[PDB]
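Q:
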Amino acid sequence: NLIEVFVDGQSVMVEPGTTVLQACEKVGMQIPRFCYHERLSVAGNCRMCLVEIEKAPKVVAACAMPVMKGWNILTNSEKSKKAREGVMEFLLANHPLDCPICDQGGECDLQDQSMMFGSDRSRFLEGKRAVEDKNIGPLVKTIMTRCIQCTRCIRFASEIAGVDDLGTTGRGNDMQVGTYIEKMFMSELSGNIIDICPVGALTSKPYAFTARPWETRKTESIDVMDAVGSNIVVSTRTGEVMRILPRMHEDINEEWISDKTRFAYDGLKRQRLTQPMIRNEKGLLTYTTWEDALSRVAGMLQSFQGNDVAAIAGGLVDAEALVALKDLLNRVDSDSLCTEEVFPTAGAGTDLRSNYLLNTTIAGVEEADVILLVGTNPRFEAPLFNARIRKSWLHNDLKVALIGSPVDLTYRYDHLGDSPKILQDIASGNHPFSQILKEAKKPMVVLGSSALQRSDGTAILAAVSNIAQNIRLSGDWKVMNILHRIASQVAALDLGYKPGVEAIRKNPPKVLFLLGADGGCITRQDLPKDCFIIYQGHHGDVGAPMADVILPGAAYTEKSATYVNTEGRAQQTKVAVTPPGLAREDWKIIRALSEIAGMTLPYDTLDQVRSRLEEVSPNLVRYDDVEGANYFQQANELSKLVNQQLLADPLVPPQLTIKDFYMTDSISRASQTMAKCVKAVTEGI
Amino acid sequence: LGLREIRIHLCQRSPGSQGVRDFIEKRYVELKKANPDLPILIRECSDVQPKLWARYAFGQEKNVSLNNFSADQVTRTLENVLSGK
Amino acid sequence: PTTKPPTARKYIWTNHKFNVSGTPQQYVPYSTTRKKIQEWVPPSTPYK
Amino acid sequence: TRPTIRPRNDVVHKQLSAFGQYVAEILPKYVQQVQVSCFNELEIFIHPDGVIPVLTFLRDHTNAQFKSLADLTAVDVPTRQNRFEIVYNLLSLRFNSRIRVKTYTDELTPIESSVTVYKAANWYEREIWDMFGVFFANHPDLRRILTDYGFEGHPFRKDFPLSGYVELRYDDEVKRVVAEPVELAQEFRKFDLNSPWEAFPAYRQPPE
Amino acid sequence: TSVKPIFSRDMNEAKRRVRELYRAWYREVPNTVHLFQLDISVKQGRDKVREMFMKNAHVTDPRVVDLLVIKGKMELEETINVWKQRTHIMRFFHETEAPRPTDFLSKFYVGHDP
Amino acid sequence: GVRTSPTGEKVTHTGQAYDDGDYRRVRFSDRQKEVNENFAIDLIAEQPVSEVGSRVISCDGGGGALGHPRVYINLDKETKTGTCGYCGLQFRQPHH
Amino acid sequence: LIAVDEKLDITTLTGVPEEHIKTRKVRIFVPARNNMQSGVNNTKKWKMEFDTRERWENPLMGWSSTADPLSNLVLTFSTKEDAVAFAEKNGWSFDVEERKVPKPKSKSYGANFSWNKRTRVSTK
Ligand SMILES: *P(=O)(O)OCC(C)(C)[C@H](O)C(=O)NCCC(=O)NCCSC(=O)CCCCCCCCCCCCC
Ligand code: SF4
Ligand code: SF4
Ligand code: FES
Ligand SMILES: [Mg+2]
Ligand SMILES: [Zn+2]
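Going line by line, the protein sequences match chains A, B, C, D, E, F and G.
Numbering-wise, our numbering comes out as the position in the first sequence, counting from 1, plus 458.
Numbering-wise, our numbering comes out as the position in the second sequence, counting from 1, plus 152.
Numbering-wise, our numbering comes out as the position in the third sequence, counting from 1, plus 13.
Numbering-wise, our numbering comes out as the position in the fourth sequence, counting from 1, plus 96.
Numbering-wise, our numbering comes out as the position in the fifth sequence, counting from 1, plus 4.
Numbering-wise, our numbering comes out as the position in the sixth sequence, counting from 1, plus 185.
Numbering-wise, our numbering comes out as the position in the seventh sequence, counting from 1, plus 782.
And the structure:
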């Protein structure tokens, strides 16, 4: 059972195999460290964590030394202090004098630990070394003279990203970390080497020289670039977004964020909508006033009612705006409310959340024994979900099988065909993987929502539900899973939006509200002549060029809002900056439009809007909660009513390359760093 | 008068919602088949009493409490809502 | 300065100027940074 | 010898500890705690209702002739239930010594004025009231001393903004100075300076 | 639950003190107008005193009422002794501040403030 | 490299120039715009490239304690020249 | 020693304007650990901060102007209960976020050299 150790004479009970560093963490002491990271493997080479045992003559490395029974750990001992001073003396003896010209200046673990557990003087009278800088892509700037050879980037690269391209070339004092050849370290998780590097050897190239840590203000929010719902911290200085950093959440993030999340913040400063715009007598877009634009839209809304009113919700819309638009369109008896992504409406459809949620939580992947991925590329659709899958693979020997096109995941997997015919065959039991699933104690079936965009999505959903039913026929564990790639999709489905745009296609509307709809699913060729289009958004990409009235709105960094991720967890984004120019919050715009049109919505403040959200769906106001009910039996019973035949077309994921990963949405398209990344991955260097 | 949407809010681990849970368990499937195009959304509350929200045309809604109801009572309440009485 | 001339530099002013306050040559402050956010220019081609 | 480390006076430390024990024994009804810092400063933590007896004893006792009131101030700690902390610094010329008396008090709890014991307490308590909101029951004249007339709020509380809420300027329309909501041309820049590494292991708190 | 009083043991004594303070302020408005040469009328001063008294009518704790009446007595003492100027007396009357609209549409038009 | 903007206004070394529709140009009417004629980037480009026979060279900016902190530059990569980033000075190893 | 059951409302005594009393939503949270550093000494006390308001640019010199007095106001509390009590007695609206401690992890240096597991590393 638990063993008893002593830290500075204080008794503490720890599990067997616990290290001295973790025992000190238990008692509240933080041992200094340079090479140790709790989410990486143990290295034990920096030697900064040397602590003294009470009667042992030689100090031990706390990061790699399991505790023995009855050991007394002297963290503040004379030997420990001298060892720390010696190690810091070596590190600073070979380190270069680059602190003022270094982006790591005020947030450097070398400086802080030198000032805490180091000497204040130097007796190094020799000359320092200099190392030629490497080039590993447009995202990471390398000044390798500042590297302390802690091998965090190598261990992170290998274990987390599955990319074995970093390593140490050389021997002795001339040992260098690099790729040897001029290969660029490009991945969907490549800024985390910038995060984990304790020194300024690896630094963010877009953020280079812009600011200092003490100036910036930190706003804790969530990431809106996919359905993972990663927690982020936005660093802003003087009302300008300076950078994005990961925020720890051991159920979603686990301290990492994707490169699109980290480096697309500069797309919020380009191609922005700042003032309301209307068509003039020449057919061109000209700036106008909020009163004029809202009066025009209100006149059109009063003129047209019924099924002649459609709303298309994009990928970066929040629950408050969605519910406000839903109420506004319901006030005119209209119901052409839709989201720009397709989900099968047959059977239960959106009536049960378990039918379209990721029922096995992101943290629940680490418990699964077998996972079957259907019609998805999790590496680019949800990089953090793929990282969790790889971690489960590496640690618990998880068996991963992928049905469809052989994408390059960061781990070895069992490939199953390319067509849904094999997917249907597994349900019957002819495939050996049926036996594998039946013998697996913890199976998961993750169907990518990108495979539901084709015309046979309902049949795909029915087949995977049949597979899950066969698995269940053979407690508290959930097998069926759906992985989304759109942040607003889950919130829209919870609020009651109709998936897809097929309803709008079948009943062409006269008034169309494009709320952030930049997917180009519906155009004026599909719409009737003289259709009135109101595009409400923050970036002008497609909807703004095709619109009649353009309403500027706020981004996620600029509004306080609610987003539901792919697993059903609701999280609130906080305000970091204010909308530029005359741009306003989306739900406030909708409320003002309703008031001008004479259909005043019964909420004037964010609290009242969230009360309406609670009335519609309490899970939208229950924050950071993922517990729910599993109505899989009812969902399957309703699904097995109608039968559709799977098409013979292969399951080709929309994203097959990292360039396709880089260019996905409006903010990424407006970014210049993303354009640099695409050019680097296509042309080379 | 024309019904547009039905919402059933039931907490999943409360004694008062036990009757509403039993309706979903073995009576929801039959109801949905008879009303294929009706948005009967089922959600989960936290501590409030179970409720039945009925949204009609032009954004008009009525809420009916389902606290401590049995399975049959929920069926009768839904039948009254569907039939307009 | 005749005995100890100052060090000569290519950027040091050759002509000295007194206080120019209250004169057209007075210093006027201004922001030395570029615009932060670029707006979206609408297309110049009518859609219909 | 250690040139860069301040010397220590064990004799004075022991004398202060002995006097703290002496006063604690003499006044058990009010004295809650006695401390001696490592730089030889004696601190007495007492109940807020024993201020007058403790100060009278420490002023008139033969062995405790602290005739001079050195200072009187308050410290606002929002996390505590009794946020305000009234501190009395007393000086004894007879024995060439200093003592510190501490008292806790919240917003709505009055304290007995010490103007009867020390005369400087008049203006010191006026300043404490003006800057924190702490009320003194038996004060001959309690009113604002430092802040502007009609000023709303107590500036030294930790929840009061640095720049306040209003600012003054001359308005030509009314031919007088007016008060308007504050609006800074350049906002005060808050700097996050605390290091994420513990500097003093001696003051480390339990992990809770 | 149980706390020491300041001046009033219960709400009746607090209300009595409030009435006394109101009487004292009411009897001093014409003198304040005359001494400071204010351009307002006596009725405006009485109405402003009434408004100031009515913005704390929701207070139910006797200690808060005692502190409020103490502060009011302090402010009256400053006015009677002519320690303040015309500046502060007119600062009571928000006169150079633009009228901030309290409707959603106007607040939406002007800016981002709630 | 003082260049004149389309509106007849001098452009500073930071690329600063008010637009045609910017009202803020009124502050320069009947007055002048303070622009420093010497451009540090142009001057440092005009400065030549020092060649030394060593792989690592130390730069302190000249003058000793009156310069910048001493740094060491690795003159291995023959594609470019090693630049001291405090003073922006280029050093190179002989090739031909 | 009188008896009262009020909720300790000092709104009328603080002197804050009613606008900043009733239209402010504060956030009661433990600040997240800065990912650029490995120290955890800044994640031990609860912080109370107000909502961000508008910040425009000065027409002259382009400085960051503001009109929110409580923009730089950050309070430190030892416990969530103390922070919530302070917020309630001051009358501002508030939202509280629970502390997110890092869960304990199993780490073994011998796992890097495994006979038959995937945890074996290809480099040191
Ligand atoms: P009845 O007892 O029902 O009386 C009605 C009220 C509502 C007053 C009750 O007495 C009651 O229950 N009130 C609630 C508690 C209470 O008494 N609150 C009053 C607080 S005392 C107060 O606020 C006095 C301070 C105001 C000072 C005003 C300053 C004068 C400004 C003049 C400016 C211009 C003059 C020239
Ligand atoms: S990495 Fe740290 S120690 Fe090295 S130059 Fe940068 S701030 Fe200084
Ligand atoms: S580059 Fe950074 S993370 Fe990699 S070994 Fe060097 S100091 Fe460590
Ligand atoms: S932290 Fe243990 S040797 Fe590096
Ligand atoms: Mg770094
Ligand atoms: Zn130099």
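Beta carbons are placed, not taken as given, at the ideal position from N, Cα and C, and that holds for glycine.
1. Would you report the Cα separation of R285 of chain D and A950 of chain A, rounded to the nearest angstrom?
2. Collect the residues with a C-beta less than 6 Å away from any heavy atom of ligand 2 and give them in sequence order along the chain.
3. Checking 8 Å against the spacing of the C-beta atoms, do residue 418 of chain A and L905 of chain A come in under that value?
4. With a threshold of 7 Å (Cβ to nearest heavy atom), would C272 of chain F be considered close to ligand 6?
5. I'd like the span of the alpha helix (DSSP H) that includes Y184 of chain D, first residue to last.
6. Assign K956 of chain A to one of two classes, buried (16 or more other C-beta atoms within 10 Å of its C-beta) or exposed (fewer than that).
7. Could you list which residues in chain G have their beta carbon closer than 7 Å to that of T46 of chain C, in chain order?
8. For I690 of chain A, which residues in the same chain have their Cβ closer than 7 Å to its Cβ, ignoring the five residues on either side in sequence?
9. For the segment 813-828 of chain G, enumerate the residues whose C-beta is nearer than 9 Å to any C-beta of chain A, in chain order.
10. Scan the segment 1036-1119 of chain A and note each continuous alpha helix (DSSP H) run of 4 residues or more that stays entirely inside, going in chain order.
11. Please report how far the alpha carbon of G741 of chain A lies from the alpha carbon of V1007 of chain A, in whole angstroms.
12. Alpha carbons only, please: which of D:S188, D:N178, D:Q177, D:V171 is nearest the one belonging to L138 of chain D?
13. Any Cβ of chain G within less than 8 Å of the Cβ of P56 of chain C?
14. Given that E836 of chain G touches chain E, what residues does it touch there, using C-beta distances under 9 Å?
15. For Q819 of chain G, is the beta carbon positioned less than 7 Å from some heavy atom of ligand 8?
16. Does the distance between the C-beta of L759 of chain A and the nearest non-hydrogen atom of ligand 1 fall short of 7 Å?
17. Would you mind sorting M526 of chain A into buried or exposed? The rule is 16 or more other CB atoms within 10 Å of its CB.
18. Using the C-alpha atoms, what's the distance from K203 of chain B back to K936 of chain A?
19. Would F191 of chain D and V230 of chain D qualify as a contact pair, given that the criterion is a beta-carbon distance under 8 Å?
20. For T197 of chain F, would you say it is in contact with chain C, using Cβ-to-Cβ distances shorter than 8 Å as the test?
21. Report buried or exposed for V598 of chain A, applying the criterion of at least 16 other Cβ atoms within 10 angstroms of its Cβ.
22. Checking 8 Å against the spacing of the C-beta atoms, do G873 of chain G and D791 of chain G come in under that value?
23. Grab the span of the alpha helix (DSSP H) containing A961 of chain A for me, first residue to last.
24. Could you compute how far the alpha carbon of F811 of chain G sits from the alpha carbon of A865 of chain G?
25. Thinking C-alpha only, which one of D:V270, D:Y118, D:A216 is nearest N185 of chain D?
26. Report yes or no: is there a C-beta of chain D within less than 8 Å of the C-beta of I10 of chain E?
27. Would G171 of chain B and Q225 of chain B qualify as a contact pair, given that the criterion is a beta-carbon distance under 8 Å?
28. Checking 8 Å against the spacing of the C-beta atoms, do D570 of chain A and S291 of chain D come in under that value?
29. Quick one: does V786 of chain G have its CB under 8 Å from some CB of chain A?
30. Could you spell out the range, first to last residue, of the beta strand (DSSP E) harbouring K214 of chain B?
31. Interface residues of chain A around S890 of chain G at Cβ under 7 Å?
32. Assuming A1034 of chain A and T677 of chain A are in contact, meaning their beta carbons sit under 8 Å apart, how far apart are those beta carbons, in whole angstroms?
33. Pick helix, strand or coil for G563 of chain A, following the three-state DSSP scheme.
34. Quick one: list the residues of chain G neighbouring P42 of chain C, beta-carbon separation under 8 Å, in chain order.
35. Check the Cβ-Cβ distances between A669 of chain A and every residue of chain F, and say whether any is below 8 Å.
36. Note down the Cα distance separating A814 of chain G from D1044 of chain A, rounded to an integer number of angstroms.
A: Put simply:
1. 40 Å
2. A:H553, A:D556, A:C557, A:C560, A:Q562, A:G563, A:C566, A:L568, A:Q569, A:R604, A:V657, A:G658
3. Absent from the model: residue 418 of chain A. The displayed extent of chain A is 459 to 1143, so no value can be given.
4. yes
5. Unbroken run through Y184 of chain D is the beta strand (DSSP E), 180-188; no alpha helix (DSSP H).
6. buried
7. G844
8. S679, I680, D681, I702, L703, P704, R705, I715, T719
9. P813, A814, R815, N816, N817, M818, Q819, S820, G821, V822, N823
10. 1044-1055, 1064-1074, 1090-1097
11. 11 Å
12. D:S188
13. no
14. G115, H116, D117
15. Because ligand 8 does not appear in the structure shown, any question about it cannot be addressed here, the ligands present being ligand 1, ligand 2, ligand 3, ligand 4, ligand 5 and ligand 6.
16. no
17. exposed
18. 27 Å
19. no
20. yes
21. buried
22. yes
23. 960-964
24. 9 Å
25. D:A216
26. yes
27. yes
28. yes
29. no
30. 212-217
31. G475
32. 4 Å
33. helix
34. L842, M843
35. no
36. 29 Å
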